[PDB]
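Asker: My questions will all concern the structure given below.
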There are 2 protein chains.
Amino acid sequence: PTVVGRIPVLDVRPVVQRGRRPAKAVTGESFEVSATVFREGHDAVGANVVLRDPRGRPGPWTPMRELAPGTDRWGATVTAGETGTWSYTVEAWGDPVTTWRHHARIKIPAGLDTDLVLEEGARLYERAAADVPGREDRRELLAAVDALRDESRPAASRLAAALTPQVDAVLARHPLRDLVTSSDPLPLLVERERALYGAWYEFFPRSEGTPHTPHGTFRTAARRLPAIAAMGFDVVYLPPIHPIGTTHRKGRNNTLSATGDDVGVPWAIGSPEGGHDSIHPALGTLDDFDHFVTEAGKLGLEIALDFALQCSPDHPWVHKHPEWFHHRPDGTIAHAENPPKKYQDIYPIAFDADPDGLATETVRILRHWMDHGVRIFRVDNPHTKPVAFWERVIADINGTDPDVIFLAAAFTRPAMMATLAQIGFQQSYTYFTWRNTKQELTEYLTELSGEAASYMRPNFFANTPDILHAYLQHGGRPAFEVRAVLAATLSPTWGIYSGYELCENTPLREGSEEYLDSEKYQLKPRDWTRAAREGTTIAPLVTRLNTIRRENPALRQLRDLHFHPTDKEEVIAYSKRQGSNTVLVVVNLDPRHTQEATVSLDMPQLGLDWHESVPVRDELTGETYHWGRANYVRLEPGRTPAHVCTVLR
Amino acid sequence: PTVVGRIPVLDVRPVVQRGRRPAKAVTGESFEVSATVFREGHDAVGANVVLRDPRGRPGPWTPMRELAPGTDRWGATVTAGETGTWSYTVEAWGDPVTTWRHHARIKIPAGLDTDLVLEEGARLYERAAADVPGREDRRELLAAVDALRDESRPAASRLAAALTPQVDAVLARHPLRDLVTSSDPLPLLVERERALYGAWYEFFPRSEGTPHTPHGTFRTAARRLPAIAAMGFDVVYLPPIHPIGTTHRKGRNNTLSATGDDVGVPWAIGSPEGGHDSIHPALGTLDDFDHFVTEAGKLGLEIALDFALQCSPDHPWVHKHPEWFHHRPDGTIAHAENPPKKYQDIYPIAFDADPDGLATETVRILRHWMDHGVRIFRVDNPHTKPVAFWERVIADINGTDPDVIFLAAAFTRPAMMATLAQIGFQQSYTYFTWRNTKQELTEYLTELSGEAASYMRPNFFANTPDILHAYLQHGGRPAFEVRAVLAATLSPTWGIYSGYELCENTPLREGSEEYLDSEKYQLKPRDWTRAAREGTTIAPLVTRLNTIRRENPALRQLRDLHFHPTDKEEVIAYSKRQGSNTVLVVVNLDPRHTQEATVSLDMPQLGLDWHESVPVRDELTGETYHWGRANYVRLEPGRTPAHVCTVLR
Ligand SMILES: OC[C@H]1O[C@H](O[C@H]2[C@H](O)[C@@H](O)[C@H](O)O[C@@H]2CO)[C@H](O)[C@@H](O)[C@@H]1O
Ligand SMILES: OC[C@H]1O[C@H](O[C@H]2[C@H](O)[C@@H](O)[C@H](O)O[C@@H]2CO)[C@H](O)[C@@H](O)[C@@H]1O
């Protein structure tokens, strides 16, 4: 056997790990399958994509086209349906009819060998007809054959009877393909909509308590759900809900020693009261959790729990499974670190004494929470546990429960971030919070919406309990508004951490990304009712951004994204499309000064000619404009963070 | 099983066609194996390359290093030995000693847990020692263990006794490797020196005749060999040596009708006198060919024959194997084309009626010429015959005779050119003749000496019977000198077509790359003795260029190549290295005007500090200079095309 086939079809993409791991999509998502396709000699080729479903049924006729002249790189868009493991193949072939037409259009006018040319056409169309399944279609082609062979008609009309739009459409549907050659199949994992598309809200239930009982419970915190749903969120992310250790408990503002009342850090998991399968006694019981989950469900909210594989020194594992930790010669276990950050309140897990026991216990714990209606997990610092351990764990869980979604909370070097996604993580945290200038956002999103999108789905949190960027610190509310618009329009999954709405932006000190009086170390009650009454929350904007996402299929996908040039460094423009839905966004990244600029739209990228003028509506205001190749904008911080426009019919 | 191992080792290169085809090298050639290597957490990794020979014997210890900070991309240089199929593996591992050192260097000075730290070191070094095979090495490590454990000494000195250069060198040779993880093996094809390195001369034997017998024979043409060898060539490329058809024979200057005396085009192969396994009767017999081959061999010249799979209409195949041709409805066969070029004197071969017969006959013909001492074939227009046909043919021939070298004469689009090389062609013609400005040369050679070099070996013909570039037309002799220097110094394989020495540069017309009175259509006797006597040949320069190549291992390889900036667009500079051999070249690409410029050498790329000054000798003149970071050059066309300098000890 030869590696290369009769008609070369090479380097099909997407591909992950040379075919050893699947490429990704979700139900209803469109992406490009491509390949390098050409033949020997000078005649034309064609190609097409055969997408097969989990039962092996091929999808519809999907012809490809050359993506740029001289490159022999061909592509077509395909769309994933039901969930499961699919496959895709590229078929390449000689296209004798295109070749013959092109020659015939020169030779019949210039009078060279006309009978021989037309008879050669007739025989092609005869072979075309044999492989057409439909009777009306077959009769149409055999009619063009008899017109091609009628030697009493002028040559130009024998020809034109084979170039009619009626024949075109039969051949575009059932073309004559010579020497059909197939690539080896490549795997596609199709997962549920929520893996790619969703709005996420993070809050600490303990903070939502009462005057008589400041430490909130699942029952008091449930009161916070109707407002979260009213802001248009789909997922609630809860930091760890388990008991919290006492030995080396941290105090307020990340101090080493807790006082008597201090609540500790939820990530310091485990005490005599329980471990990763228990509920912190001050939050309530497993039943109170079921109630919280049930009430979330009625409002269209799914719960995501934090899974953090590590232990306080008081966790039961510390004595039940000493071999899950690395011990130093004196018997002690070194606290976990993430330089320059130190975690004096926890121990890391060691994996090389009993990898089987840890895997077995990890899936037991996830299955526990899954039985209680949690189908989504944020996996904390996955990059400090082995890559292959996550590969195994995710494959075990997704083998019985393929709807479960895992989110990799890894802010680390690129290779590890990409590898985690490739080995099964449905979603990834990103470098979003550190991309704030126009060049940074353009470069980064070009990467995420390009080839990386075949294996990674990004979750754009505009802030987290660990990240209050200097942009928000110095920019105030106008900066909060800009980052919300950006995050909500550039990724189909985005989120915020409670407090973001109120523009909380006081840092621990100058040059830090920690919050002052961080919620991680203390109860943080908030006056939601006052902020709403006084207009000092951006909840309305957030609510509107999520409404726009729900009304615009273009914002529920990632890969179709184009940046349009402007003449000001502080103003950025881009568009996204999905069928007949087109959304155009223009953002002023200066939160302090008003910016005016001309936005020069790449009109072909919108499906329009250069001279055209198109009606848009700014969905943030309800105002309508008429926009074409070149448009003046004026963006004043406080008043207008951005225009978020839809293209009208 | 998981795809990813305990210590991730990913995306090893070079790789060709996802591992389905081998990467390439020749005996004694060095290239870089690389990989993406990292681990979970914060401890250090190391890696190494295990290169295995055809019998499976591993090469020496070959540690890798990170190529740039923060990238997790690791590399090392390996060197291929004997010919055959080798394999290479990357091994990745935790490097506990590097990790412990780095921690210990902070914790001992700052006085934290010092006894515990030093005891942890002692135990690592104890495990190191157990695995060391040498007695003196083992005693050295166990000495450092006892110094580390001596609690009566200050902590800083217990430590310093484990960081000595004597211990360093033991551990760099036999390091402690945790959790060794291996990549899957990748294939390497190692071929003979000549596949990468050689100087090639093309001439038509028929043109080297006498007054009494103008059509040369193998016996008269042999008289031309001593001068070819004296010019330092290693390979003689002969256009087709078979009988030449009469039907539609072309006349002089590519005219359609031959007169009675016209000799025809050698590529129009075949008559009743014979086909691809015969000798043209005017060239002599098979015995005269053996004599020619033998006399070439005595001078250190190998023969490369042209293999052109096509037929004159008088070729015996036309009636013996009609199914090897595509016939039109009236039974005629269309002449071959290569738009806009037409080949009215030949028929192309069709491959889809009897691919097995064509393959079998093709290898029969190549084995015939191989029995007569031809171990190299230039395959004419391979891109008009199926890719898979060549893949099959080359694998059949190389399976019994792996020393046979094939050269792809394909000037076409990039995808086909790369594919031909990947499927087995030892050598490829290139776009060299159309890269003449400094930007064009820099861009192109950066491509060829980069990743493409794992599958393609370039042959830089400065001219061919079909290519007389406008640069040579307008530039005269000074242009011929420049292109010879460039071709000879930028690729380890280069060549010329006879007449190049004499600066033949009259085109067929303005805007054509054909020669006037082309040798393809007529006998072209040349007065070599007169040109030598009158100094009107650049034979001396050519002779000197090949001598320099034979005396400088850096010019007998392709991958080590760096371009150095100059302040003039017409002046280009570059260096090449191989062990302690460094060659530095500066060329003036203006053939009409003298150019002066400053050459600013990237000194680190030469293995030198910025302030240093290095002695060089211009091997074209014997003149010596002293050169450092910034050097004035003055290059006058006619006098000085270039400096070709060696770095002196
Ligand atoms: O109690 C352990 C530490 O918890 C936090 O650190 C978390 C961080 O908030 C989370 O996003 C990251 O992925 O994991 C670390 C460790 O679980 C506190 O900020 C630390 O001060 C605590 O020591
Ligand atoms: O006789 C056939 C044709 O031979 C030449 O064309 C060659 C050309 O020289 C070679 O380098 C190219 O790759 O292949 C063609 C065909 O063999 C003449 O230049 C043509 O005019 C002849 O028709």
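Since chain B takes its numbers from Swiss-Prot, the residues it shows come out as 15-663.
This entry, so its header tells us, was determined using X-ray crystallography, 2.3 Å.
Using N, Cα and C of the backbone, Cβ positions are placed for all residues, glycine too.
Pasting the relevant annotations from Swiss-Prot:
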ACT_SITE  B:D394  active site, nucleophile
BINDING   B:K264, B:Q324, B:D359, B:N395, B:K534, B:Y535  alpha-maltose 1-phosphate binding site
SITE      B:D480  site 'Transition state stabilizer'
Asker: Determine the C-alpha span of the alpha-maltose 1-phosphate site listed in the record, that is the greatest distance between any two of B:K264, B:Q324, B:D359, B:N395, B:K534, B:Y535, in Å to the nearest whole number.
Answerer: 19
Asker: What binding-site residues among B:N395, B:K534, B:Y535 have a C-beta sitting less than 6 Å from any atom of ligand 2?
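Answerer: Result: B:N395, B:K534.
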Asker: Relative to the Cα of B:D480 (site 'Transition state stabilizer'), which of the recorded positions B:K264, B:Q324, B:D359, B:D394, B:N395, B:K534 have a Cα no more than 10 Å away?
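Answerer: Near B:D480 (site 'Transition state stabilizer'), where near means Cα within 10 Å, the recorded positions are B:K534.
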Asker: If I take the alpha carbons of B:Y535 (alpha-maltose 1-phosphate binding site) and the residue listed as 'active site, nucleophile', what is the distance between them in whole Å?
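Answerer: The residue listed as 'active site, nucleophile' has its Cα 17 Å from the Cα of B:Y535 (alpha-maltose 1-phosphate binding site).
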Asker: Expressed to the nearest Å, what is the distance separating B:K264 (alpha-maltose 1-phosphate binding site) and B:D394 (active site, nucleophile) at their Cα atoms?
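Answerer: For B:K264 (alpha-maltose 1-phosphate binding site) versus B:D394 (active site, nucleophile), the Cα atoms are 19 Å apart.
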Asker: What three-state class does DSSP give B:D394 (active site, nucleophile)?
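Answerer: For B:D394 (active site, nucleophile) - judged by DSSP and reduced to three states - the answer is strand.
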Asker: Measuring Cα to Cα, how far is B:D359 (alpha-maltose 1-phosphate binding site) from B:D394 (active site, nucleophile) in Å?
Answerer: 16
Asker: Reduce the DSSP letter at B:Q324 (alpha-maltose 1-phosphate binding site) to three states and note it down.
Answerer: strand
Asker: Report, in whole Å, the straight Cα-to-Cα distance of B:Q324 (alpha-maltose 1-phosphate binding site) from the residue listed as 'active site, nucleophile'.
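Answerer: That comes out at 9 Å between the alpha carbons.
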Asker: Using Cβ atoms only, which residues of the same chain lie under 8 Å from B:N395 (alpha-maltose 1-phosphate binding site) while being at least 6 residues apart in sequence?
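Answerer: Residues satisfying the criterion: B:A322, B:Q324, B:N352, B:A423, B:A424.
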Asker: Highest CB neighbour count within 10 A among the recorded positions B:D359, B:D394, B:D480?
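Answerer: Answer by Cβ density within 10 Å: B:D359.
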Asker: For B:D480 (site 'Transition state stabilizer'), what is the secondary structure state per DSSP, taken as helix, strand or coil?
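Answerer: It is coil.
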